[PDB]
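Asker: Before I ask anything, here is the structure I am working with.
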Amino acid sequence: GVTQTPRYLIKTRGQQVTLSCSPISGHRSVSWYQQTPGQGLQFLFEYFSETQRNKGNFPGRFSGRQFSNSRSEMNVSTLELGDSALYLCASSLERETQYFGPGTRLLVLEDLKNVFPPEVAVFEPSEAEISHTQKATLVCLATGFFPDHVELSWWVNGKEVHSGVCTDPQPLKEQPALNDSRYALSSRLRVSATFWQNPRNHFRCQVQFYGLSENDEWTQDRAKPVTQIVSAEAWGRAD
Amino acid sequence: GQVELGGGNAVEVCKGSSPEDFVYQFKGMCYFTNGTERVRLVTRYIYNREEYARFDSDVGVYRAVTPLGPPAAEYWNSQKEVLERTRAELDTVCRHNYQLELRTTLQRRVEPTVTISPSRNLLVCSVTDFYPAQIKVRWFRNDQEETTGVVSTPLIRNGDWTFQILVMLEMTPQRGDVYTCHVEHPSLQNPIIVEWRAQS
Amino acid sequence: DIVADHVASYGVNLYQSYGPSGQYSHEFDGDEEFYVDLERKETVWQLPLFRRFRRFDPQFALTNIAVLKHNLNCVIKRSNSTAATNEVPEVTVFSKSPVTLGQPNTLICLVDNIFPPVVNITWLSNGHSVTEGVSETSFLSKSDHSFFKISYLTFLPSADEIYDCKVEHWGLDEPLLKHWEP
Amino acid sequence: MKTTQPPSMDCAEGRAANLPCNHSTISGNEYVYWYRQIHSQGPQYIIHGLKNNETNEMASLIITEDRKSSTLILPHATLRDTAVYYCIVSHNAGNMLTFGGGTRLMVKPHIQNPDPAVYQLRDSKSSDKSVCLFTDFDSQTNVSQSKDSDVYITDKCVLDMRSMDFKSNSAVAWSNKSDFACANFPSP
Ligand SMILES: *[C@@H]1O[C@H](CO)[C@@H](O)[C@H](O)[C@H]1NC(C)=O
Ligand SMILES: *[C@@H]1O[C@H](CO)[C@@H](O)[C@H](O)[C@H]1NC(C)=O
């Protein structure tokens with residue numbers, strides 16, 4: 001489909017950002033959009049044959065580029081707090097139906113002093129649930145992380161499982177009165193009673209945090225919140 | 001009312017993008033008959049005065065006119081996205097933009113102006129500035145309609161949404177003659193008559 | 001060709017490579033409805049009736065003409081870089097109304113079979129280039145895929161008869177000077 | 001936008017989901033498009049139409065002959081069809097793509113055997129911390145209670161155990177006061 005990189009991005013004031021997008025094979029009309037809760041889907045600019053056919057009403061700091069293989073790029077200069085958004089890429093055959101990509105979640109902050117990795121913990125199912133419904137439910141808890149750029153996945157015996165899993169759709173703000181509040185996310189894994197009561201089964205809640213890079217600068221006394229994988233585990237027990 | 005549209009130029013198959021000149025044309029033509037009862041959309045892809053690929057609503061698919069655009073017509077038929085809107089443009093573009101012609105163009109009437117002036121003997125009945133370019137101009141000589149000695153130039157399109165024609169008459173001046181010039185035009189409920197008398 | 005009660009040209013997309021120039025216009029029964037200024041991004045209707053009831057977004061032209069620039073470089077490479085044959089134009093000068101020696105009138109210079117659409121029209125009054133009161137229409141399409149352009153000159157008839165229409169084109173060896181007086 | 005939609009729309013899982021849309025000001029040259037999107041994710045193209053009723057294998061779309069309104073129809077609404085569905089118009093002439101309010105569709109699941117219970121779980125790394133879990137409750141239950149001081153409650157969550165086609169709702173709540181009680185407000 002429509003390839004769009006990078007997926008997540010965390011920047012500060014004054015920096016610049018270059019976004020890329022590979023369209024559908026056979027398409028050569030790449031459209032750019034900015035999706036914000038306070039402005040909706042705003043058109044940016046459209047590139048077709050290495051030229052800017054259509055253009056919105058955005059400042060000169062929002063520029064674009066396109067190459068011969070229809071892959072388009074977009075650059076922003078002198079980022080502001082209002083520039084943080086989900087930048088979408090719409091691939092079109094020419095003027096026909098547009099197909100959007102995954103989008104690049106951009107975040108602009110005054111500084112990196114409030115970037116935290118999640119503290120992931122796994123909660124074993126109580127013996128009272130296993131005796132009543134004959135089903136064990138593990139609860140994973142990731143709290144105290146910013147931004148919400150995070151991905152959770154369960155692993156059983158080193159294999160990522162999807163059957164019987166569930167994750168909260170949107171993270172929860174621990175201080176809703178503050179806009180810089182650390183987020184929190186929960187997810188559940190439900191298995192049979194006999195499967196949890198087998199010591200050979202190994203349950204692990206993996207959490208992928210997209211934060212700072214190894215090339216960014218860090219000054220705070222806290223450990224650098226680089227892109228890492230925080231995961232807690234819980235072995236099955238048979239009592 | 002709402003914004004109008006035009007013909008959609010289908011994309012070519014290449015791997016992206018006196019003095020000499022290379023000209024590329026594209027005409028979104030449409031042929032209405034009996035109002036909006038027989039609309040026909042025919043888009044023409046022309047390269048240097050040579051039409052190499054065309055679409056026809058009566059056909060339903062693209063076709064190559066010259067051996068220059070089989071690669072374009074066969075590719076424009078393969079893409080379902082292109083053929084979907086190209087077929088639908090007869091309703092999207094033509095059958096829609098024709099409805100504005102009723103409000104504007106097809107209701108436009110302009111009364112012509114008729115003047116008879118000799119040239120020294122040739123008489124010239126000059127019908128000028130009219131629309132919609134449908135007229136019947138006749139030369140008479142005292143209740144008898146002249147024909148053999150009448151020159152009729154073709155309709156002259158002035159380019160400013162008006163038309164012009166000149167109907168001439170060779171004659172022999174006989175005392176008592178009256179040369180009337182009938183002009184029949186849709187904007188005129190009754191025809192305009194201009195006469196030139198024989199005297200002296 | 002095709003017989004019909006009315007023929008509309010809702011495309012007339014043009015783009016040549018001599019000078020990177022284009023033209024978008026809609027035509028109904030041979031006459032031009034409007035033309036899109038590809039530089040100022042404006043729709044210029046040729047009738048006041050259209051300016052009060054019609055509507056057209058000039059972005060469609062810029063979106064459409066950009067496809068011609070792609071297809072032009074396309075078919076050039078498929079046609080072994082085949083140039084355009086310079087057809088010989090022909091000029092016919094006449095008046096919009098019967099000219100009287102006192103009441104002003106409009107002089108019309110019609111140039112037919114213009115291909116490629118790279119032509120100039122300049123009025124010559126007594127050997128001098130008449131500049132005040134000169135207007136010309138955009139290129140108008142023809143069935144044989146050529147063009148024809150019409151020029152105008154607002155004047156007042158008098159004893160001066162030198163009213164030529166200088167037309168320079170590649171199909172002509174020397175510039176044509178066609179002057180006609182009723 | 002030139003369209004209008006109802007933002008509050010939910011239906012039962014498996015049954016048809018008729019998402020309406022009114023566009024009285026649409027012209028004969030404007031298509032009707034339908035996009036859905038999970039927030040924080042790229043929008044997904046569904047189906048588009050101009051005249052007549054068209055059917056993609058994802059969903060169907062009907063348009064009235066007078067063109068005043070159109071409805072998006074989902075045959076069997078599943079759990080994955082719970083995004084925000086947008087109804088937009090387009091000239092299909094290289095123009096922009098403008099979204100409106102949309103329709104937040106929620107697919108209420110089917111709970112054949114509801115058994116609401118308030119469980120309490122213990123952390124494996126430290127028995128001091130704990131969380132509580134409300135599960136096997138009704139699908140049509142407003143589980144979102146107001147958060148107090150250091151008392152957090154999450155939204156619902158539907159687990160689909162494909163090994164035994166068993167589905168049930170669930171919601172996690174925790175606190176930092178470590179004096180967990182997790183009190184249990186009537187069910188009907
Ligand atoms: C077309 O011709 C038929 C013949 O009777 C007539 O009834 C109709 O009004 C005409 N115009 C249309 C269908 O637009
Ligand atoms: C006249 O047209 C010719 C093209 O044949 C070219 O020299 C130029 O476009 C024009 N020059 C002048 C002086 O008008």
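Naming works like this for the structure tokens: A, B, ... for the chains as they're shown, residue 1 at the start of each chain, ligands 1 onward in shown order.
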Hey, list the chain A side of the contact with chain C: 12 Å cut-off, only C-alpha atoms, answer as a list in words.

Answerer: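 The selection requested is residues 28, 29, 46, 47, 48, 49, 50, 51, 52, 53, 54, 55, 56, 68, 94 and 95 of chain A.
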
Asker: Could those selected residues go to a file with C-alpha atoms, as a PDB file, in the first residue's frame?

Answerer:
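Below is the file again.pdb, written as the result:
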ATOM      1  CA  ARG A  28       2.023   9.149  -9.283  1.00  0.00           C
ATOM      2  CA  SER A  29      -0.148  11.697  -7.421  1.00  0.00           C
ATOM      3  CA  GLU A  46       0.001  17.810  -3.881  1.00  0.00           C
ATOM      4  CA  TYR A  47       2.861  16.630  -6.100  1.00  0.00           C
ATOM      5  CA  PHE A  48       2.325  14.782  -9.386  1.00  0.00           C
ATOM      6  CA  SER A  49       5.177  14.972 -11.927  1.00  0.00           C
ATOM      7  CA  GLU A  50       7.932  16.365  -9.672  1.00  0.00           C
ATOM      8  CA  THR A  51       5.838  19.562  -9.662  1.00  0.00           C
ATOM      9  CA  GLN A  52       3.445  21.146  -7.168  1.00  0.00           C
ATOM     10  CA  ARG A  53       0.079  20.939  -8.926  1.00  0.00           C
ATOM     11  CA  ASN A  54      -2.138  21.990  -6.009  1.00  0.00           C
ATOM     12  CA  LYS A  55      -1.131  23.925  -2.902  1.00  0.00           C
ATOM     13  CA  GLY A  56      -2.952  24.883   0.276  1.00  0.00           C
ATOM     14  CA  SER A  68      11.028  10.195 -10.597  1.00  0.00           C
ATOM     15  CA  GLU A  94      -3.875  10.810 -10.918  1.00  0.00           C
ATOM     16  CA  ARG A  95      -7.083  12.593  -9.902  1.00  0.00           C
TER      17      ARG A  95
END

Asker: As a list in words, please: all residues of chain C that backbone DSSP puts in helix (DSSP H, G or I).

Answerer: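 The residues of chain C classed as helix (DSSP H, G or I) are residues 48, 49, 50, 51, 59, 60, 61, 62, 63, 64, 65, 66, 67, 68, 69, 70, 71, 72, 73, 74, 75, 76, 77 and 78 of chain C.
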
Asker: Kindly indicate which residue among C:86, C:162, C:75, C:94 lies nearest to ligand 2, using only C-alpha atoms and all ligand atoms for the distances.

Answerer: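 Among C:86, C:162, C:75, C:94, it is C:86 that comes nearest to ligand 2.
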
Asker: Using Å and a single decimal, report how far atom CA of residue 164 of chain C sits from atom CA of residue 35 of chain C.

Answerer: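 Taking atom CA of residue 35 of chain C and atom CA of residue 164 of chain C, their separation equals 27.4 Å.
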
Asker: Using only C-alpha atoms, find the residues of chain B whose closest atom to chain D is at most 7 Å away, then write them as a list in words.

Answerer: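 Written out as asked, the residues are residues 2, 92, 93 and 96 of chain B.
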
Asker: Please list as a list in words every residue within 8 Å of segment 165-169 of chain C, counting only C-alpha atoms and excluding residues in the same chain fewer than 5 positions away.

Answerer: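 What passes the distance filter is residues 88, 89, 91, 93, 109, 118, 119, 120, 121, 122, 123, 124, 174, 175, 176, 177, 178 and 179 of chain C.
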
Asker: Any chance you could export the current selection's C-alpha atoms as a tab-separated table (two decimals), in the first residue's frame?

Answerer:
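File again-v1.tsv, as written:
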chain	number	residue	atom	x	y	z
C	88	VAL	CA	0.63	28.20	-43.86
C	89	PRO	CA	-1.89	30.57	-42.22
C	91	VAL	CA	-5.51	36.30	-43.07
C	93	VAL	CA	-9.58	41.42	-42.67
C	109	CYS	CA	-8.50	40.53	-38.47
C	118	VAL	CA	2.82	30.65	-32.04
C	119	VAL	CA	1.53	33.72	-33.90
C	120	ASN	CA	1.59	37.49	-33.48
C	121	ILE	CA	-0.87	40.15	-34.62
C	122	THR	CA	0.01	43.86	-34.71
C	123	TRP	CA	-2.00	46.63	-36.35
C	124	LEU	CA	-0.31	49.15	-38.65
C	174	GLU	CA	7.68	36.97	-45.06
C	175	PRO	CA	5.22	38.66	-42.67
C	176	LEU	CA	1.80	39.17	-44.24
C	177	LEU	CA	0.27	42.65	-44.53
C	178	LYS	CA	-3.47	42.36	-45.22
C	179	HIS	CA	-5.37	45.66	-45.33

Asker: Kindly compile the residues surrounding ligand 1 within 6 Å, counting only C-alpha atoms and all ligand atoms, and format them as a list in words.

Answerer: residues 34, 35, 36 and 37 of chain B

Asker: Save the residues we just selected, C-alpha atoms, as a compact mmCIF listing (two decimals), in the first residue's frame?

Answerer:
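Below is the file that was written, again.txt:
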# COMPACT_ATOMS: atom_id res chain seq x y z
CA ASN B 34 -32.62 16.84 -29.22
CA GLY B 35 -31.68 18.61 -26.01
CA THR B 36 -30.14 16.20 -23.50
CA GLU B 37 -31.63 13.12 -25.20

Asker: Quote the spacing between atom CA of residue 136 of chain C and atom CA of residue 154 of chain C in Å to one decimal place.

Answerer: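 Computing it gives 11.6 Å between the two atoms.
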